[PDB]
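Student: using only what follows, build the 3D model:
(one chain, ligands or ions: 1)
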Amino acid sequence: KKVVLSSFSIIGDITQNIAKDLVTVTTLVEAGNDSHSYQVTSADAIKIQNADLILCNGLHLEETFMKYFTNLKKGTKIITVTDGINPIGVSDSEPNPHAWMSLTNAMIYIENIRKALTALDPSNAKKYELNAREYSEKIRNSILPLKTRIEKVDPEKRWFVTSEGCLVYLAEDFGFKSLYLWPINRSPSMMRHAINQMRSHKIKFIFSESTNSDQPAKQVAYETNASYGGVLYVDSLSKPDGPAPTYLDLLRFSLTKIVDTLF
Ligand SMILES: [Mn+2]
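Tutor: Residues are numbered from 1 along each chain as shown. Sharing the structure here:
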């Protein structure tokens, strides 16, 4: 039985829905850790040796631990599952890694993982084909109604404001503008800028996220006369009893919370 190692929980969950136990799906940065601050362990090196295929986000998400993907099993490839996604920069600059926060991009992650699994395990092509389409429609069925309601927002309430720049791909996909305090899980000028921008556009809400502090968002809410919108799930699946234990649940939770704020 082949073993497919995903770099973090969001990719591991997508892969599990495409492979459904045809392969063993493992995860390096488990739910609760972010990629942004992950220490590769000895036991992790075992997961890395056992991998027949390694699925990374790319867009520099794994930059600090790419050096551990070395001395690999012969024949083991590293596949970047964001292939085909036009990068959004962090400033000409380093890419923003959060491409999975997008309904369009969900379909591209699924397609790239379907393609990689099928090249790895061609005798199950028909099953990965079927599973990928079923899962793409599951995502569409849950998420498209959220998109539909949020597209009703008045064109000057079209702002997603967060702490980390975790929604830039969502903004691009749905036609909104972004504002945030720092691109990747911090600087005084970016905070000053967000405060100014919120005041000039009369922005009503700012969120924080499940792996970072709520204090800068609450502070900005105060200074701008906006409201703190609460916590979004964007960088990691929640624990099993939390609200975002799967990638579908994560998109559904965070987009629900955004749309519920904008109306
Ligand atoms: Mn992040």
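
Student: what residue in the protein comes nearest to the ion?
Tutor: Residue nearest to the ion within the chain (CB to the ion): residue 235, separated by 4.0 Å. Bear in mind the C-beta positions are built from the backbone N, C-alpha and C, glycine included.

Student: in a strand, that residue, correct?
Tutor: No: using DSSP: H, G, I helix; E, B strand; the rest coil, the assignment for residue 235 is coil, not a strand.

Student: wouldn't it be in contact with residue 165 here?
Tutor: No: look at residue 235 against residue 165 with CB atoms under 8 Å: they stay out of range, at 11.6 Å.

Student: please enumerate the shared neighbours of those two.
Tutor: Common contacts of residue 235 and residue 165 (CB atoms under 8 Å, 6 or more residues apart in numbering): residue 98.

Student: dead centre of this protein: give me the residue that sits there.
Tutor: residue 100 (3.9 Å; CA atoms, centre = their mean).

Student: who's in contact with that residue?
Tutor: Residue 100 neighbours (CB under 8 Å, 6+ apart): 10, 57, 106, 109, 169, 247.

Student: what helix or strand is it located in?
Tutor: Assigned by DSSP states H and E, residue 100 belongs to no helix or strand.

Student: if I look at it, how far off is residue 254?
Tutor: Distance, residue 100 to residue 254, using CB to CB, to the nearest Å: 11 Å.

Student: and residue 175, by the same measure?
Tutor: For residue 175, the distance to residue 254 equals 17 Å [CB to CB].

Student: the two: which is more packed in?
Tutor: For residue 175 versus residue 254, the count of surrounding residues by other CB atoms under 10 Å is larger for residue 254: 25 against 11.

Student: spell out the secondary structure type for the more buried one.
Tutor: In three-state terms, and counting by three-state DSSP, residue 254 is helix.

Student: so which bits of the stretch 101-250 of the chain are right by the ion?
Tutor: Residues of the stretch 101-250 of the chain lying close to the ion (CB under 5 Å from the ion) are 185, 235.

Student: now do the helices in the stretch 101-250 of the chain.
Tutor: 103-120, 125-150, 168-174, 188-201, 215-224, 247-262 (DSSP state H, counting those that start in this stretch).

Student: so of the ones you listed, which one's packed in deepest?
Tutor: Of all the helices of the stretch 101-250 of the chain, helix 168-174 has the most neighbours on average by mean count of other CB atoms under 10 Å, namely a mean of 22.

Student: residue 235 and residue 165 - which one has more neighbours?
Tutor: Taking other CB under 10 Å, residue 235 and residue 165 do not tie; residue 235 has more neighbours (27 against 23).

Student: need the contact list for the more buried one.
Tutor: In this structure, residue 235 makes contact with 34, 35, 36, 98, 164, 166, 185, 209, 210, 211, judged by CB under 8 Å, 6+ apart.

Student: quick check: residue 256 touching residue 146?
Tutor: Yes: contact status for residue 256 versus residue 146: in contact at 6.2 Å, counting by CB under 8 Å.

Student: OK, contacts around residue 212?
Tutor: Taking CB under 8 Å, 6+ apart, one finds 163, 164, 185 in contact with residue 212.

Student: my guess is the second one contacts residue 232. True?
Tutor: To tie it back to what came earlier, the one meant is residue 164. No: applying CB under 8 Å, one finds residue 164 not in contact with residue 232, separated by 9.3 Å.

Student: which neighbours do those two share?
Tutor: Shared contacts of residue 164 and residue 232, counting by CB under 8 Å, 6+ apart, come down to residue 209.

Student: more neighbours, those two?
Tutor: A direct count of neighbours by other CB under 10 Å for residue 164 and residue 232 places residue 164 higher, at 27 against 24.
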